[PDB]
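> Below: one structure in structure tokens.
Cβ placement follows ideal geometry from the backbone for every residue including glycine, while neighbour counts extend to all protein chains displayed. Since every read-out is calculated from the coordinates, none of them should be taken as a lab result.
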Amino acid sequence: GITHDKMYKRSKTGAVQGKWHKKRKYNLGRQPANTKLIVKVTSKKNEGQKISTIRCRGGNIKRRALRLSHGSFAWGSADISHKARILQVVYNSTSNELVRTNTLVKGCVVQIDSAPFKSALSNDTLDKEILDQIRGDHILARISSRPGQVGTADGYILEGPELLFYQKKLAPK
Amino acid sequence: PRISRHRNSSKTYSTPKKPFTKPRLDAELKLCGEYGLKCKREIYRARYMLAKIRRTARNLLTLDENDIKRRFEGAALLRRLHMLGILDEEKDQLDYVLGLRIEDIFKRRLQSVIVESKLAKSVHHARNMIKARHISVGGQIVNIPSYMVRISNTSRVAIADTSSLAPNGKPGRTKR
Amino acid sequence: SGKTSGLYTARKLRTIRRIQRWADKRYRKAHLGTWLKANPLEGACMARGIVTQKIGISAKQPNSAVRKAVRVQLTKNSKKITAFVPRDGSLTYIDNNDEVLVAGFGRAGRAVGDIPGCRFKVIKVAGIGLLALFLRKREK
Amino acid sequence: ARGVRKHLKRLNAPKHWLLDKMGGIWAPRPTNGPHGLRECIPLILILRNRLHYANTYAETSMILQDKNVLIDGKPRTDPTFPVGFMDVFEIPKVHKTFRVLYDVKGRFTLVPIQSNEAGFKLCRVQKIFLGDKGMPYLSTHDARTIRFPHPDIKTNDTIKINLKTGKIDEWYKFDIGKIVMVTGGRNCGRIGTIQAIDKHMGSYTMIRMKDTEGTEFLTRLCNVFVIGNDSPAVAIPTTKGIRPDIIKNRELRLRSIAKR
Amino acid sequence: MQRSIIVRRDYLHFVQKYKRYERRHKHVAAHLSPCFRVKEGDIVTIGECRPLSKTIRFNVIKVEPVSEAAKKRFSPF
RNA sequence: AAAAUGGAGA
RNA sequence: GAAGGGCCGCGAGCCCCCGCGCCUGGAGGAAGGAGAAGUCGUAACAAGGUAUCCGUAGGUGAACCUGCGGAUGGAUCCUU
RNA sequence: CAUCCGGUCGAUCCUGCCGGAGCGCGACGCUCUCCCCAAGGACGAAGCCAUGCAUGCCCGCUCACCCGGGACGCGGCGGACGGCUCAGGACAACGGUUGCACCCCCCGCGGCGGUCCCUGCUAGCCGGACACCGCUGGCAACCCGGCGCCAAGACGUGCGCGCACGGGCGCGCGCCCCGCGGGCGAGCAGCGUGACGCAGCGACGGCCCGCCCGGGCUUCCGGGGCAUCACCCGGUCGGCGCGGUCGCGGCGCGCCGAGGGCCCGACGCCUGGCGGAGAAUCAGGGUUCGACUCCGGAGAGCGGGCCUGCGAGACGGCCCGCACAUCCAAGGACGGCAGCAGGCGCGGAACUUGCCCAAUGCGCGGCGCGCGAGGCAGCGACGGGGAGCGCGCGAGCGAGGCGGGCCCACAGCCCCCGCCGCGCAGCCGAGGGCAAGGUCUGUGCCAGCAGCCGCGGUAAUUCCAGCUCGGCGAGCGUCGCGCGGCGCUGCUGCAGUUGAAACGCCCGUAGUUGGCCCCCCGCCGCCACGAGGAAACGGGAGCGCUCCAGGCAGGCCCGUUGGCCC
């Protein structure tokens, strides 16, 4: 397998250790998942959001980021949550190339739709910055769940001077 | 794992450090005649057994009395040597092993008892009589010459019924 | 000898022993590793082979007679080395190429006794021991 | 290498099993179960050798299956049945039942046991671990883990079993100096009471044990198997923990050698 | 190294052939945090931990800075 | 002033 | 949803330049070594007939000789 | 377990090495009347394999021109165990010490065993759908062609308690330190809230958690030579994110900052380099070897990839690259013995193309089978441990012949009985060390001998033989080897004014070494000294195989053993 073994890496002093044996199945590595997010299904129907379960050591079952576009967010302040399909991947931060293919990454800042979260405007001015994001149908949030290992699209909502730090980049930079 | 091959081997026969020394050489023949030993490997076999019996005592002597490793081993040393009779049971001393005699191990050998008790009256006669199954310890007939009997049961040495003791009725070629 | 002695000097003594170990002719003989490659015999009691040209090496002094030996190429290393024949008049049996085993002269390298320049000694010819051929114990 | 393995050669046998090195191409490995590998002496020797009820292991194979031994109601065909301290080997036909106690010489030996003693078997406990969605459980030294234990007890409590439903007989709690019975190192069949606790904010707790002989010795608390809240409360071996010494062993056999 | 210190322990090894010793040394890496900044020549404990990185497995806890220059002296503490 | 050999091996 | 195709993730091998490292083939040179009786001188060992000997240069059939600074293991433990 | 002696000479006293002398292991050679226990293709060939065998076991589901014996298949589980060889591999493998609150696991074993339902519902039992077979296909084989029915303790749809309950989420203790309990040494688990969501199994309801278990990392202390290898690494080295894995991680993939490691020898290079438990020989102190029992690691001609599974990069799994094959009818296929025999090759050399599951363990399985694992015999001067060829004046046996007994999967063997009994030896020397003829024959420094030191030049204690005789002995010698010898490798414990040897001289950095001196404190080191540390083996209880070598048995028995030191 595409192993992940210490012997393959050089020693700290720069020694190149010859591997004692061949590569091992419990040290096996797998295909990095490139997640697919649909801006619109529109006329085409060939692609749908499908998830992959894979064989693992010990029989454990792993859900994967095969095709995930629908997304869930729980307002930290409210503790209530709403589920819809998120707009796309906006701030991978590791690479801007990943954003183009909408490859989802754990806790990568994304573009969030407000199809069921428009209800926030009914409460009086809760998170006015979120209120300005919710009516627009475009928000910022980090999908804080592991997509490749556990196939999860549930995520937190961005609130706090952390959202402002990201927003300063998200607005013109 | 070749389980039946598993075993151990021993080296009773140990040759000396300088072979052609006149005193050692002469004593060999002199001892060979005294106890009637057929092969010269045996005297060295005796030397190896004698040394082990000499070292245990030297190390034991350098230990203080009643030291458990000393006390248990000392009583052990005396027990085995007293059984042999080379150590007089009366001596009863861990230090008494030192000054030991090779002649005493030879005396313990059953071939020797037969000559001494006049059972065959000669070492040459003794080996021949044992070869012809004519001396039995406690009645257990042995044809190997060096039965080696503990002194504790020396009084139980006996002759054999086949043609020496009270003839069973098998006089070798004479019978037929 | 100066000697460096201290509770923390296991370094000087360790290097010195390792370096000054290889000073003896005997130590270097077994520890350089040259001797296994250098010896015609590959460090063995006997080596099979085929016989080549016979040889009559003059002796030195006191010994003053030619001692017939046969030069044989050992099959394994493809090298030709001479082997001293055994007892009196034992070379007449050995003539053309025949299976010959060769053994050490005791010294293990030095030429035996006073017969100069011969390192090895033949022990067999054909399939029969050459010391039996001499006694006619085992002969063709 | 590769996956897990299931074979044992006749040298890898723990030297406390005292199975003979000779007369063995391969050792009897015990199958995993209530009792761990090192501790359980395979039941083949218990019937084939100690009892000498079976001439061969094949003879142990012939009768073990048909309900001939029942600790907590179970026999099995396997002569690798897992067993340990205070396990009541039960034989109806032998007209007797027995508890295997660690003999001083480090091999668990069956002591013929009375039916009241047959009723109770003992397994130690460690610390309560949440199991079943937080529904409480207690970790045990032998595999008998149970849900809903006594709520107040906290750590290192010995436990006894009725052998059928076998609900915990007693939650013995250590009071320090409580009659203890560690069984590890040289504590094989040794009786005493505890003294000094050296947890030391460090691994392996050293507990000193004062003894009837007079010896106080620290040890891993891992091998503790308390005998009674006070007194042995369960019959101990014929040694009674007194522990014999090699000098007597030569004499006890020496009279025995003359006596036979 | 960023937020990382290389601490050197010294081991005195008894060699039997010569009862004199060798001062072999080892340099091990850990993770310091700006909460306890370190001076040169300090006694720094390292805790056995989760394997952090390729060389990182330890983490600093207690720092005791020594005055002026501490040099070495091969002192194991 | 010149002024050189001394076979082998008991 | 197979036979296929594609984008690729891995991946032995290949090829082309090198950077090593180990092994080896040589026409012929250039040495070393060994065996009772070869040659030409005869250097040194007695101040061995010019006492040696070292370093360094120069020559030289061949050892050797010569120049200059030393050391005696010198043939001088010794006259203002 | 504390040692010599032959040799530089005209002699002496030396240094110094050569040689014997001791001891183990394998060749080799000369040889064997024994008997018993026994290693056995490790040695620059992990070279090639012809020929057979080496993981098989039960039919829930049998409807098979049978019987109570059941084929077959579907399924169930095992072939990830073992056996073998150490090729590769030098902060690795490896021994012991940590932890995994960075983690998976099948067997078994003790708990749990509520499982909303949107949909379809028969929920007291729903499907349609494959083998076996039936019928007829090809090829030179390999290889498996269709069709037709047909069942499952086969496979699949689905009922059932929204404190449904799959994970994984999102989110919610603290309040300067520390204690509390489901808690630990450690604020860790769990619960609640909010969003999803479809794990159970279930068509004969078993998912889940523990315990064990075997892994998977990991912490320290160890873990070949070479400096005629000194500066080396460039994901290299620290962070910062992320992917990926059972999992932590440069492991990968982005992003940065310039780090790492070194004369206490880094990096490099080499290794006829598997490490250890061990083994050899020795007073101590050592030295040497570890492939073979066992223990861990690897690897099945060679590199890669992959499946199946709970675990293998398995190789008597697969698929490709590369070599080399085999069949091959020219169209194809199909290997893998560093498993057991047995060949070829190779070398100095290294066992039956045997029998075989009764045991000894392991698989499937309460009513037994397999396992060239092993067991057994064969072979076998690897080696051991113990007899004989007489003793005596008579008569005595043991190598054997035949039958019995005994024995043994089957036979054998010791043994036990009788008629009988066919007792029978080598290979090294004889000048010294080193023990034993200046006997007697050839003999001319010739042959030859000759470890060594030395003999044969015409009168040999030294060869060539027959005398004799010394040693050892059914084993003797010849070699190569390791140790002792050898304080000739020196730490103990060596030399250096002339034997072998003080740098031509001085500064100098690491390195090594620093006087007295502060009683009491705290760390070093340091001993005493425990806990917990697998054996085998060895030190070492007890024990008479016909005596040991052996083995851990034995008997009216310490709960008889097998203690104890490793």
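> Going through the cross-link list B:18/C:68; B:22/B:52; A:12/E:62, which pairs have a Cα-Cα distance over 31 Å in this structure?
Going by Cα-Cα distance, B:18/C:68 fall outside the 31 Å limit.
> With everything on Cα atoms, drop me the angle between helix A:161-170 and the longest principal axis of chain A, reported from 0 to 90° to the nearest 10.
The answer is roughly 90 degrees.
> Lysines near residue C:79 by alpha-carbon distance under 17 Å, same-chain residues fewer than 8 away left out - which ones?
Straight-distance partners of residue C:79: C:37, C:54, C:121.
> Suppose a student asked you for the relative contact order of chain B, using Cα pairs under 8 Å spaced at least 6 residues apart; what percent would you report?
15
> Quick check on packing: order C:81-89, C:101-109 by the mean number of other C-beta atoms within 10 Å, highest mean leading.
Values: C:81-89: 17.4, C:101-109: 15.3.
Those peptides, ordered most packed to least, come out C:81-89, C:101-109.
> May I pose another question? Quick one: compute the contact order of region D:174-243, relative version, from alpha carbon pairs under 8 angstrom and 6+ residues apart, as a percent.
Contact order relative to length: 35 percent.
> Shifting gears a bit: Cross-link partners among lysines for residue A:25, C-alpha distance below 19 Å, same-chain residues fewer than 8 apart left out?
Hits, sequence-local ones excluded: A:6, A:9, A:62.
> Next question. Tell me the label-point distance for the pair residue A:45, residue B:28, using the 7 Å Cα-to-Cβ offset, in nm and rounded to one decimal.
According to this spin-label approximation, the distance is 10.9 nm.
> Run the numbers for residue B:91 and residue B:175: contour at 0.36 nm per residue of separation, minus the present Cα-Cα distance, in nm.
Between residue B:91 and residue B:175, full extension yields 25.2 nm more.
> Among B:116, E:68, rank each residue by its count of other Cβ atoms within 10 Å, from fewest to most, as a rough exposure measure.
Ascending number of Cβ neighbours within 10 Å: E:68, B:116.
> Show the residues, 5+ positions off or on another chain, whose built amide H is closer than 5 Å to the amide H of residue C:102.
Here the answer is C:47, C:123, since their amide H atoms fall under 5 Å of that of residue C:102.
> Rounded to whole Å, give me the distance from the Cα center of region D:1-65 to that of region B:25-51.
Region D:1-65 and region B:25-51 have Cα centres separated by 49 Å.
> Treat the count of other C-beta atoms within 10 Å as a stand-in for reagent exposure and order A:150, B:113 from fewest to most. Show your work: numbers first, answer last.
Working: A:150 14, B:113 19.
Lowest to highest Cβ neighbour count: A:150, B:113.
> Okay, moving on. Go ahead and run the numbers for FRET between residue A:53 and residue A:80, Cβ-Cβ distance against an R0 of 25 Å, rounding to 0.05.
On the way: r = 30 Å, r/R0 = 1.21.
Efficiency, from the Cβ-Cβ distance: 0.25.
> Taking +1 at the Cβ of each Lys and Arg and -1 at the Cβ of each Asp and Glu, which of C:49, D:63, D:113 sits farthest along the dipole of the protein assembly as shown towards its positive end, judged by Cα position relative to the Cα centre?
Selected residue: C:49.
> A further question on this structure: For the residue pair residue D:96 and residue B:11, what label-to-label distance in nm results when each label sits 7 Å from Cα along the Cα-to-beta-carbon direction?
Taking the two extended label points, one gets 5.0 nm.
> Let me ask something else. Just the projected area, averaged over all directions, of the convex hull on the alpha carbon atoms of region D:174-243: how many nm²?
On the way: hull surface 17.3 nm².
Its Cα hull, projected and averaged over all orientations, spans 4.3 nm².
> Another question, if that's okay. Can you give the relative contact order of chain A as a percent, counting alpha carbon pairs under 8 Å and 6+ residues apart?
About 19 percent, as a whole number.
> Given R₀ = 22 Å, what would the calculated FRET efficiency be for residue D:55 paired with residue D:20, taking r from the Cβ atoms and rounding to 0.05?
The calculated FRET efficiency here is 0.90.
> Picking from A:48, D:81, B:155, whose Cα lies most toward the positive end of the charge dipole for the protein assembly as shown (charges on Cβ: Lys, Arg +1; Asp, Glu -1)?
B:155
> State to the nearest 20 debye the size of the charge dipole of the protein assembly as shown about its Cα centre, where the only charges are +1 on K and R beta carbons and -1 on D and E beta carbons.
5220
> Using unit Cβ charges (K, R positive; D, E negative) and no other charged atoms, how large, in debye to the nearest 20, is the dipole of chain E about its Cα centre?
So the dipole magnitude of chain E works out to roughly 380 debye.
> Which order results if D:141, D:95, B:6 are arranged by neighbouring Cβ count within 10 Å, fewest first?
Values: D:141 21, D:95 6, B:6 12.
Fewest-to-most Cβ neighbours within 10 Å comes out as D:95, B:6, D:141.
> Moving on. Under a cut-off of 20 Å between alpha-carbon atoms, report the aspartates and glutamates in cross-link reach of residue D:67, not counting same-chain residues fewer than 8 places apart.
D:59, D:78, D:87, D:90
> Do any of A:128/A:168; B:69/E:17; A:50/D:133; D:173/D:199; D:199/E:26 go past 27 Å between their Cα atoms, and which? Working shown, then result.
Values: A:128/A:168 17 Å; B:69/E:17 29 Å; A:50/D:133 31 Å; D:173/D:199 18 Å; D:199/E:26 31 Å.
Distance filter (> 27 Å) returns B:69/E:17; A:50/D:133; D:199/E:26.
> Let me know the charge dipole size of region D:121-171 about its Cα centre in debye, to the nearest 20, where only the beta-carbon of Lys, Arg (+1) and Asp, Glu (-1) is charged. Spell out each step's value before the answer.
Numbers: 10 positive and 6 negative charges, 29 e Å.
So the dipole magnitude of region D:121-171 works out to roughly 140 debye.
> Taking the Cα centre of each part, how many Å lie between region C:54-75 and region B:64-84?
If we compute the Cα centre of each part, the gap is 66 Å.
> Between region D:169-190 and region E:20-40, how far is it from one alpha carbon centroid to the other, in angstrom?
44
> Within a 10 angstrom radius of each residue's Cβ in C:9-15, how many Cβ atoms of other chains show up on average? Whole number is fine.
5
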